[PDB]
Amino acid sequence: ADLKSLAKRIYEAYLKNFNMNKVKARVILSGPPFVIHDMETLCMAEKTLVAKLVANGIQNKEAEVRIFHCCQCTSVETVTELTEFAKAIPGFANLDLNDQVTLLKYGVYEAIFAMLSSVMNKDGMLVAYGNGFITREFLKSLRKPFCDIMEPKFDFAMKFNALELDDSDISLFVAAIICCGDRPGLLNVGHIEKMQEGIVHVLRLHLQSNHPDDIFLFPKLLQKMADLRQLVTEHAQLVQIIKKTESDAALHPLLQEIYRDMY
Amino acid sequence: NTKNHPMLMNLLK
Ligand SMILES: CC(C)(Sc1ccc(CCN(CCCCC2CCCCC2)C(=O)NC2CCCCC2)cc1)C(=O)O
């Protein structure tokens with residue numbers, strides 16, 4: 001097996017299937033995106049970037065619920081990108097379709113929150129296909145429970161970003177997240193465990209090559225995977241509280257399907 | 001479980 005080549009295939013699949021990558025995001029976050037830092041600028045951004053949403057219609061819903069709807073749309077788009085990426089992970093398409101569904105169900109949010117780090121800095125996050133920037137303080141200013149969604153993701157991201165990974169690393173980390181043999185309800189556990197071992201070995205060797213300065217980067221990343229599982233379990237609980245208690249926050253059917261019976 | 005995830009199944013197909 002050619003492990004440098006497997007790494008390259010996974011990296012190429014990640015550049016092809018995600019609209020946002022870390023170099024792009026840094027090109028933009030340097031310098032311009034429209035800054036959402038208060039309710040006035042939120043409303044302006046809605047009219048320029050999500051015009052249909054407020055061409056009348058939910059325009060009369062609370063700002064928090066409008067933002068939540070836009071976030072659901074973005075997650076729907078990201079699940080599609082992750083599915084295309086997964087299908088290009090060597091070996092994934094040969095798994096039983098039931099196992100492909102299970103791995104996606106449990107992996108997508110861990111991958112989402114890992115990738116979200118690439119568009120975050122300590123002051124905010126790049127959104128809307130690179131055309132907006134929403135401040136961390138604005139999100140904290142929203143009414144409960146909506147102000148409680150993003151702050152743990154910024155906290156994860158600041159420390160994840162301090163590892164100074166690039167897209168060649170992150171692509172493999174996302175593949176390792178997806179190709180996880182301990183998800184509940186897998187059918188061919190042994191096959192998936194061997195696929196996992198293979199991807200994790202590709203990751204280990206790549207980090208040795210690409211980060212010779214950081215001898216602990218591989219175990220640091222294993223710990224980040226465990227941190228992400230916890231972050232998703234907590235996020236799912238918060239989403240359940242929102243869907244149950246906020247009537248204008250009904251879940252899009254694809255997201256309901258992912259969260260249903262997850263944790 | 002493909003039966004319980006028709007929308008994910010459609011993305012995979
Ligand atoms: C939707 C729930 C129910 S909660 C949840 C989950 C995720 C997020 C982050 C969504 N987002 C901000 C999207 C902000 C859009 C913006 C709003 C203001 C007006 C202009 C448009 C974003 O940029 N996500 C990136 C995408 C690139 C790859 C990584 C993820 C927020 C809430 C879910 O669990 O899915």
Side-chain angles (χ1 to χ4, degrees), chain A residues 13 16-18 72-89 91-112 178-180 183-189 192 236 250-263, chain B:
Chain A
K16 170 175 173 306
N17 288 295
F18 299 107
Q72 290 199 63
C73 296
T74 303
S75 294
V76 171
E77 299 282 3
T78 310
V79 167
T80 305
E81 290 186 334
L82 275 161
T83 302
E84 291 304 294
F85 173 69
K87 286 188 299 189
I89 291 168
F92 183 91
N94 318 102
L95 297 179
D96 187 292
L97 280 163
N98 296 288
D99 282 349
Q100 300 183 43
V101 162
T102 296
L103 296 181
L104 280 164
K105 180 190 187 68
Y106 282 96
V108 288
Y109 280 97
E110 290 177 16
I112 287 171
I178 295 169
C179 295
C180 176
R183 301 313 194 181
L186 291 176
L187 296 183
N188 298 298
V189 176
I192 296 174
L251 276 183
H252 183 288
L254 173 62
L255 310 184
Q256 303 198 7
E257 179 182 291
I258 291 168
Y259 282 116
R260 192 74 155 205
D261 307 304
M262 184 197 293
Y263 289 116
Chain B
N1 189 319
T2 59
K3 181 141 35 205
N4 291 338
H5 302 84
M7 306 186 75
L8 286 175
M9 276 300 309
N10 285 334
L11 299 175
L12 288 162
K13 288 182 190 308

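Letters go in sequence order (proteins before strands), and every chain restarts at 1. No hydrogens, no waters, no symmetry mates; every other heavy atom, side chains included, goes into these values.
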Given 3.5 Å as the limit, does a donor-acceptor pair link the side chain of A:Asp96 with the main chain of A:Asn188, or not?
no
Tell me which of these, A:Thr102, A:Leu104, A:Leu254, A:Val108, has more heavy-atom pairs under 4.5 Å with chain B than the rest.
A:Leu254
Could you tell me which residues in residues 255-263 of chain A have at least one non-hydrogen atom under 4.5 Å from a non-hydrogen atom of chain B, sorted by residue number?
A:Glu257, A:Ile258
Top of B:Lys13, B:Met7, B:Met9 for chain A proximity - count of heavy-atom pairs under 4.5 angstrom:
B:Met7
With a 4.0 Å cut-off, would you call A:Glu110 and A:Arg183 a salt bridge?
yes
Atom pair CG/CG of B:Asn1 and A:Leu97 - distance to nearest 0.5 Å
12.0 Å
Under 4.5 Å heavy-atom distance to chain A, tell me which part of B:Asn10 shows up: side chain, backbone, both or neither.
neither
Has the side chain of A:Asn17 got a donor or acceptor atom that lies under 3.5 Å from a matching backbone atom of A:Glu81?
no
Nearest-0.5 Å distance that lies between atom OH in A:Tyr106 and atom SG in A:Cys180:
11.0 Å
Who are the side chain to side chain donor-acceptor pair (under 3.5 Å) partners of A:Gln100, not counting sequence neighbours?
none
Does a side-chain heavy-atom distance below 4.5 Å link B:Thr2 with B:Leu8?
no
